[PDB]
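A.B. asks: Pasting a structure below so you can have a look.
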Amino acid sequence: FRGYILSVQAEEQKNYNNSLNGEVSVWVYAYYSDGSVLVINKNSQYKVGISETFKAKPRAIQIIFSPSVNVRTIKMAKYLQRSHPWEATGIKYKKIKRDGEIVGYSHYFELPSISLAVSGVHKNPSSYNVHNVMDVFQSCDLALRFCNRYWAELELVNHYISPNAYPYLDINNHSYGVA
Amino acid sequence: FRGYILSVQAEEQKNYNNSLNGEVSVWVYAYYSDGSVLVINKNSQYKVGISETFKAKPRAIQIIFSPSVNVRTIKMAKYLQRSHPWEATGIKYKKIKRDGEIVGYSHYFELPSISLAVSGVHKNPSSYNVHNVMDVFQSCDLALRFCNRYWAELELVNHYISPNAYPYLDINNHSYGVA
Amino acid sequence: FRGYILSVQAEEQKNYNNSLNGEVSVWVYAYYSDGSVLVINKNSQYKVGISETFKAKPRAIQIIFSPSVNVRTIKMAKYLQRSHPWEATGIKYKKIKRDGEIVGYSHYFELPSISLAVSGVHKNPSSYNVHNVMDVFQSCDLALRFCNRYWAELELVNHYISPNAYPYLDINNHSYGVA
């Protein structure tokens, strides 16, 4: 029956993504004073991060991870003689839910130009058991990065979030994603 | 005799390049609809990769590795919930030969803008025996990248491929390189 | 007494920076033929590097590391079949001193456009004891990079070096930094 096969094939996808061959994804949304939105997305195996400068106008930031991330591994960096190299910010991430299922994890914060870097490791319990180290080194080379700008959030939502089934939270706290 | 010394000095160079202090090199050629060619070259120790977006016009791609690469380690990446993090494409690479000697390895494919990443590890049998891991981390910092554009393939061949002794295959399937 | 607490708090800062949670910093200064200066700064944990091309006019280079670097780990890269992947240049670095204390390490050299990469590892004796390898991989993602251009060295010194307490050596061999 075409109802039963569809259901098991969803359970296979979950097991694949939660294996160490599943990707970890991160998005960084920079909300600008003219109402436009810049989004940087990176996807990779084993671990993933973004490091960028948001120059001129940016007013707030939202960082979204795929559900494969281990929230406790998330780290973020933002006088040189007296500063810590990162903060562990996982406790500030909110679950994005769709039909009861976690589709992502969101950290939104307002800015008082900023340089920002964020990093997270795949959930799999084998992650801190370094598969060979050289496989992780190759994953750093194979990571794909995407960057584009949208005129307003409505346009980002209808032509970037919705058509690609990405997880998201908009200004009205409406949540997006596919369970 | 100046004939004998020249020959042994070639055997020393082979042994050096096939040691773990030899570089791995990669080139990515993007062939555009106006007949121009964009080339990105990266050279590094232990392993090497490229990750770029080719935006506007690009019609085909050729990826060339130096003979120090282990062809079986080559990996290439090109809905998020349902995609594999890379394909192992080494079996698609063709040997480039000059006077009977492998001067490079070539994967050419036509496109139906693309984002693309490719990665390969040095041939040396010690590669999967991680020298210290910190030496490999430094190699990631020391990798040098070069990018330029040429008006036509003839110009790339005469002012980039030939003067630098690089391996290549042109549109007429003529092979270049120095044995 | 407010004199005693200030002194011990300096000894704590030294111990922190010389721990593996202290940052390693690197600056690359490119001196151009119009008297302007381009500076690239990167800061990170465990290790740090820069890899850039300085295109059009550049006439000399100065590379400055924070005192947390292990000078013997410094490496620099600048026909493909016959070149070494880096040189260990630590012996060319000069100590920058302020009130008897090392505030940095400087390698200045004149050029005869250049592509250049430099890499150094934190001093801590535990550095070659890979904390988990995945922590070092995350440090690569969290590294922050800064780049700007100044009209003349006097402006770089008064609006970049002095206000940020960075170590430096100017054209008159005057040294800057905070002990």
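A.B. asks: Looking at B:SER36, is it over 17 Å from B:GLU23 (Cβ atoms), of a type in the set (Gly, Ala, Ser) and within 11 Å of chain A (Cβ to nearest Cβ)?
C.D. replies: Here the answer is no, as B:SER36 does not meet what is asked.
A.B. asks: Further question: Within region B:124-156, track down each residue that is assigned to a loop (DSSP other than H, G, I, E, B) and more than 18 Å from C:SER83 (Cβ to Cβ).
C.D. replies: Answer for region B:124-156, where residues must be assigned to a loop (DSSP other than H, G, I, E, B) and more than 18 Å from C:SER83 (Cβ to Cβ): B:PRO125, B:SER126, B:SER127, B:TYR128, B:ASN129, B:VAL130, B:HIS131, B:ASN132, B:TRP151, B:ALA152.
A.B. asks: If B:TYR166 passes every condition in (1) over 24 Å from C:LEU80 (Cα atoms); (2) surrounded by 14 or more Cβ atoms within 10 Å (Cβ to Cβ) but one, which one does it miss?
C.D. replies: (1) is the only condition that B:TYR166 fails.
Listed here are the residues, each with its yes/no results for (1) more than 12 Å from chain C (Cβ to nearest Cβ); (2) basic (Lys, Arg).
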| site | (1), (2) |
| --- | --- |
| A:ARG82 | no, yes |
| A:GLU87 | no, no |
| A:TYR105 | yes, no |
| A:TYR108 | yes, no |
| A:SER115 | no, no |
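A.B. asks: For region C:113-122, does any single residue satisfy the condition of being of a type outside the set (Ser, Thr, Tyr), touching a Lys or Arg at 6+ places or on another chain (Cβ under 8 Å), part of a helix (DSSP H, G or I) and within 19 Å of C:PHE65 (Cα to Cα)?
C.D. replies: No, region C:113-122 contains no residue that is of a type outside the set (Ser, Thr, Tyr), touching a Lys or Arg at 6+ places or on another chain (Cβ under 8 Å), part of a helix (DSSP H, G or I) and within 19 Å of C:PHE65 (Cα to Cα).
A.B. asks: Continuing with the same structure: Of all residues in region B:110-163, count the ones that are of a type in the set (A, V, I, L, M, F, W, C) and in contact with a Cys (Cβ under 9 Å, 6 or more places away or on another chain).
C.D. replies: Adding up the residues that qualify gives 2.
A.B. asks: In addition: Answer with yes or no whether C:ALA60 is surrounded by fewer than 18 Cβ atoms within 10 Å (Cβ to Cβ), hydrophobic (A, V, I, L, M, F, W, C) and away from chain B (no Cβ under 14 Å).
C.D. replies: Yes; evaluated as a whole, the condition is true for this residue.
A.B. asks: Also, quick follow-up: Pull out all pairs, ordered by first then second residue, where Cβ-Cβ is under 8 Å, the residues are six or more apart or on different chains, the first lies in region A:94-110 and is basic (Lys, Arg), and the second is buried (at least 19 other Cβ atoms within 10 Å of the Cβ) and not in a strand (DSSP E or B).
C.D. replies: A:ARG98/A:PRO167; A:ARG98/A:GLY177
A.B. asks: State yes or no: is A:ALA60 of a type in the set (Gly, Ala, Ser) and within 26 Å of C:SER44 (Cα to Cα)?
C.D. replies: Yes, satisfied.
A.B. asks: Being within 14 Å of chain B (Cβ to nearest Cβ) and surrounded by fewer than 20 Cβ atoms within 10 Å (Cβ to Cβ) is true for just one of C:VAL121, C:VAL133. Which residue is that?
C.D. replies: C:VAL133
A.B. asks: When residues of region A:157-179 are filtered for being part of a helix (DSSP H, G or I) and under 19 Å from A:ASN43 (Cα atoms), how many remain?
C.D. replies: Residues in region A:157-179 being part of a helix (DSSP H, G or I) and under 19 Å from A:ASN43 (Cα atoms): 5 in total.
A.B. asks: To continue, here is another question. For C:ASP99, only one of the following conditions fails: (1) farther than 29 Å from B:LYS42 by Cβ; (2) in contact with a strand residue (DSSP E or B) (Cβ under 7 Å, 6 or more places away or on another chain); (3) charged (D, E, K, R). What is its number?
C.D. replies: Among (1) farther than 29 Å from B:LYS42 by Cβ; (2) in contact with a strand residue (DSSP E or B) (Cβ under 7 Å, 6 or more places away or on another chain); (3) charged (D, E, K, R), C:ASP99 violates only (2).
A.B. asks: Being touching an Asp or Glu at 6+ places or on another chain (Cβ under 9 Å) and among the hydroxyl-bearing types (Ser, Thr, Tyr) is the filter; apply it to region A:30-76 and report the residue that is farthest from A:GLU87 (Cα to Cα).
C.D. replies: This residue is A:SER36.
A.B. asks: If you don't mind, another one. Tally time: how many residues in region C:141-179 are in contact with a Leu (Cβ under 8 Å, 6 or more places away or on another chain), within 14 Å of chain A (Cβ to nearest Cβ) and hydroxyl-bearing (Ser, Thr, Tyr)?
C.D. replies: Selection size over region C:141-179: 2.
Cβ coordinates were reconstructed from backbone atoms using ideal geometry, including for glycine residues, and neighbour counts include every protein chain displayed. Taken together, the values in this text are just the output of simple stated rules run on the coordinates, not laboratory data.
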